[PDB]
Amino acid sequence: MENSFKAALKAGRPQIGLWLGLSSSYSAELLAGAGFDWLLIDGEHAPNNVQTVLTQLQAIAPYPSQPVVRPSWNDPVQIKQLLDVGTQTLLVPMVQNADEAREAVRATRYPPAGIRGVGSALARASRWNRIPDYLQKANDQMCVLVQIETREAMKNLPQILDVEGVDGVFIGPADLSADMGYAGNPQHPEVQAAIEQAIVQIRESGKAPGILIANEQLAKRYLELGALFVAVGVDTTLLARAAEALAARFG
């Protein structure tokens, strides 16, 4: 139950990711064999729930690609449920300040370090109590990644970076650019400046910066600035754009 994604971030090894919004355990398996370091199962902007996350985790399990799950909100109940089906790395949207970052961390840890509810007999996470000393080992293998995606969050970044347990800070360019008045097109200089400055500042604190960006030149630029978990495409986009291009070539 060692979290290899978390260890890679701590070691400063960049992790290249693909976003999964197709909400299918079948396409998840297909994509798990494609060579990515990590895969993001999106519970916020794709039609997923705890049950479909579970089946996508099962599909991905035998592959080297490591699963990361985004809940629909920073909700301790939903987080509890996602952890019990076996989620170990969480990307929490709309984290606005250090209190919310601490709340996210706490939701993933058993008492006394947090408020995670105990149900190990029932949980895939413990392999239904086959993992010895699961309750004592689980906290240290949780990896908490918080999203900053408003001006307010950017303003609070220094305090967020002081939060123990926050392993990574992810910048969401679509939401950020919308909040900045450039809906939701992040290519503007003002947005790019905020993004790049945040990446530097995050890495400086010893935490992992992350981002999703479909422009490959920008992705390489962010990696050069020290980003450590960079998602470089989205399954729905890859499929749609490839299919459209193919159809157009035949008139």
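Residue numbers here begin at 1 and follow the sequence given.
- Remark: stretch with higher mean C-alpha B factor among 81 to 89 and 109 to 117 is 109 to 117.
- Mean CA B-factor, 43 to 51 versus 212 to 220: the higher value falls on 212 to 220.
- Set against one another, the Cα B-factors of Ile148, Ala101, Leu161, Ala125 in the record reach their highest point at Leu161.
- In this entry, the residue among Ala174, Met142, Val95, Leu135 with the greatest C-alpha B factor is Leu135.
- When the CA B factors of the chain's modelled residues are split into thirds, the value for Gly168 lands in the middle one.
- When the CA B factors of the chain's modelled residues are split into thirds, the value for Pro67 lands in the lowest one.
- Ranked by C-alpha B-factor against the other modelled residues of its chain, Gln56 falls in the lowest third.
- In this PDB entry, the Cα temperature factor of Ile195 sits in the top third of its chain's modelled residues, the highest group.
- Annotation for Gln201: CA B-factor lies in the middle third of the chain's modelled residues.
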